[PDB]
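Residue numbers (the deposited numbering), protein chains in the order written: chain B, 512 to 547, 569 to 664; chain J, 512 to 547, 569 to 664; chain F, 512 to 547, 569 to 664; chain A, 32 to 139, 148 to 309, 312 to 321, 321A, 322 to 358, 360 to 398, 400 to 409, 411 to 505; chain I, 194 to 245; chain E, 135 to 139, 148 to 193.
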């Protein structure tokens, strides 16, 4: 029309297309999370805000796994208290922004489980290489 | 030659050795791409230039694949319109700097194909793990 | 022990728990290596010190391998001049800080061997995928 | 059938945040003018083209009166006004006793300007020299401890020392684009007749904002952007009389301001190399500074404002009235046309009450009458009601003219229990943020939060 | 001399005017190249080049 | 001296201070402590002092 060169290469253009379709476009948005006399502080702190924000997200994905793939299965099962919906409801009806309102609950509990399960896997891999 | 440690003693010491031999010592150059009162701006913006330059190149390699490895084959076919030479010509006669003058054409088109093909691969891996 | 978070959530909580038990808690210290008018240099240069130090350690792990798993076997055997101890002595009696004061020798010689062996491995993978 | 959790990176979700935006000028006025233009020298030169999204199904809440972006713009304007006045003259040597009488230029009296004579210091510290210049009234105050003699002083001697504005520096609203840093995004509305709060069913992203102009005035916004479909009336709480009412217009009325007389300009050498520019003579005749507005167009633009303002105040005639009295800065419409700071009396611009029926008599008949305001001028201006922020605007030779599209009125409502059939709307304003809040009404800043968690019912083989 | 144009500051007598040598460096990610050919006329190629 | 007697520590100094107007100087006073006050440079033991 208009195409991808705006429709996602600008920003965020899958914000209303449901996570079934928005999860296909992830890369070109991830590509744009980094590209950043007293007014020199208004540029340096604008630069450093982008850099530290970016690394503080890559820090978690390296700790959880698997590692920097942009999609990972984590082998951490859903606790019953988190179970509110069926999978057919989520990926076909809701949007990523809409889904964030529900799953923002329990969020800080997930990240510990992901972090801990990675240590078990890495230690186990050393055991397999030692036994092998 | 000269040991490989000195082949990129600071940088570039294989700049004239043809890409067949220059590609064997990449790490001894890659290591040094990062190691960085108004004159405080002359140090801070010199530091931050190195950091953002480094991450903005690691960002692409994590998107194209495979992920960060210093050598990755990409499963994107070498199009005929880019096909100007035989492989015997390239890796045995041309330096990396010389080759940059030719292949700088089409360059921004390659990066799109590499980026999008990763999403197809990752989605396929999700399908395989789901079906398996 | 005690849960790893209770031991280790701040910093360094396993600094005296011997190398065997200290190796289980690595992540929660790895997660804390990155966090964050002319007087403001004590904030900007404090920020940039953490960022550059963090990347300058992640740079090495990407060059050595394997890549950023937090535990890697390197396929580099011990030179005779490094040999000091039996394995039962190290992991069951020595603390990580105590072990650092012994193996601080030889340290800059190891990193070259790790760097070189990675290029040999990556070249071999190129050979295998080319022949395959 | 065990369910496994998964993680996604780079997902489109966001949350509001107060980051530091930046500028991103128009990159056309970055010849030598880069160091000349006020409120642009610190901006980066860039080319922020638009973006055509239009996200689709997004329904984003917006708010204008709780926005922080306008406060960051205000802080930038304050701190970049001071930054431009640092490197040039302080008028401390001018704080002396002025022996002044009426100018009486060439056998004729001029009511507004005093011919002051004062002992200025030459470059050599020992030798003083007698010098003169024509100072306006307002700038001049009678001196204390004398028997009503012809001894006067500058206005600011008892509160602060004013720096002369660097005459190379230019006061012009060159457009300013605001951009969020990387990792944030700017959202903007697209629905028409947005009343300043509530959802916008049509939302867009942009790398940077529209070319906002840093105009500062009072009682009439000017050279601003216009609404799309109809006059939009905009206030935080119309039932509270203390709130300004940003009456954004659709059609622009045109105002023409001028200073007919042919002022000269003479330089007074003070100290080692510093100079002080002041009026020397008026080589011509005497004038009145005035601003002209069409009477027919102003009748239309008050009739339509009455219609749109009667919706929120139904079953009422609408009455306009003059300002509430006070100093020139409070009661009078301010400018910086051509470098001179006018202060125009807005009575009888806002005068008369228009009947609730609003009989629009605009027709084929000729109604070329123009309403003519009359304006004072100052040179020593205390900016934004900060006496420490004062500066002295150098005089400008020749006569001035200043065309301008207007407006969005900055009204305020008035009326007691007694009236209750019509409500009195007076001109208001003079606060800084309200002039720029009327163009940042579209925009909003959001922090992207690209890390998300969802189920997939599939395990990582290990 | 300068009364009619500017006010001159006395140079701080503790401060010393001496050409102490200065080395210029490029930040990380850049490199400095220098010629080695003799009788270089200031422009054109240098067949012997070095990094520093 | 204060109303009949003398405070031993403080001096009732008087000096010509500049007004806001550069031409006019005004006579003014203030009670300065000792230690803050020193006799003037090279005078005949008069009551002239400086900070």
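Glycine included, C-beta positions come from ideal geometry on N, C-alpha and C.
Take residue 597(B), set aside five residues on each side of it, and the residues of its chain with a beta-carbon closer than 6 Å to its own are 604, 650, in chain order. The criterion of a C-beta distance shorter than 8 Å is satisfied by residue 44(A) and residue 492(A). The DSSP-derived three-state label of residue 222(I) is coil. A direct Cα-to-Cα measurement between residue 626(J) and residue 530(J) gives close to 7 Å. Residues of the stretch 202-231 of chain I with a C-beta less than 8 Å from any C-beta of chain J: 220, 221, 222, 224, listed in chain order.
Using a Cβ distance threshold of 8 Å, residue 647(B) and residue 601(F) do not count as a contacting pair. Distance from the CA of residue 574(F) to the CA of residue 46(A), rounded to the nearest whole angstrom, comes to 29 Å. Within the DSSP secondary-structure output, residue 385(A) pairs in a beta bridge with 374(A), 418(A).
As the crow flies, the alpha-carbon of residue 137(A) is around 33 Å from that of residue 425(A). Taking the CA atoms as reference points, residue 631(B) sits about 26 Å from residue 82(A). Under DSSP, residue 92(A) shares a beta bridge with 238(A). Within the model, the alpha-carbon separation for residue 64(A) versus residue 208(A) is close to 9 Å.
Assignment of beta-bridge partners to residue 469(A) by DSSP yields 455(A).
Within chain F, the residues placing a beta-carbon under 7 Å from that of residue 569(J) are 570, ordered along the chain. Residue nearest to residue 61(A) within the set 213(A), 92(A), 152(A) is 213(A) (criterion: CA-CA distance).
At least one CB atom of chain B sits nearer than 8 Å to the CB of residue 605(F). Within chain E, the C-beta atoms nearer than 9 Å to that of residue 126(A) come from 162, 163, 164, in chain order. Cα atoms of residue 569(F) and residue 540(J): separation of roughly 38 Å, rounded to the nearest angstrom. Under a criterion of Cβ atoms nearer than 7 Å, the residues of chain J adjacent to residue 546(B) are, in order, 588. Below 8 Å, too few C-beta pairs join the stretch 385-394 of chain A and the stretch 494-502 of chain A to call them touching: fewer than three.
When the Cα atoms are used, residue 501(A) and residue 588(B) turn out to be separated by approximately 27 Å. By the neighbour-count definition (other C-beta atoms within 10 Å, threshold 16), residue 215(A) is a buried residue. Excluding five sequence positions before and after residue 343(A), the CB atoms of its chain that fall closer than 7 Å to its own CB belong to 395, 400, 402, given in chain order. CA-CA distance, residue 104(A) to residue 477(A), rounds to 11 Å. Per DSSP, residue 100(A) is one residue of the alpha helix (DSSP H) stretching across 100-116. Residue state for residue 167(A) is assigned as strand, using DSSP reduced to three classes. Counting only runs of at least 3 residues, the stretch 587-641 of chain B fully encloses the following beta strand (DSSP E) elements, listed from N- to C-terminal order: 603-609. Shown here, residue 413(A) sits in a strand according to DSSP, grouped into three states. Around residue 197(A), the beta-carbon contacts reaching into chain E at under 8 Å are 162. Taking one beta carbon from each stretch, the stretch 452-465 of chain A and the stretch 223-242 of chain A have fewer than 3 pairs nearer than 8 Å; the two do not touch.
Residue 622(B) and residue 637(B) have their C-alpha atoms spaced approximately 16 Å apart. Around the C-beta of residue 225(I), fewer than 16 other C-beta atoms lie within 10 Å, and the residue is accordingly described as exposed.
DSSP places residue 517(J) outside any beta strand (DSSP E); the residue lies instead in the alpha helix (DSSP H), whose first and last residues are 515-518. From the beta-carbon of residue 502(A), the residues of chain B found nearer than 7 Å are 605, 607.
Under the three-state reduction of DSSP, residue 190(E) is assigned to coil, being neither helix nor strand.
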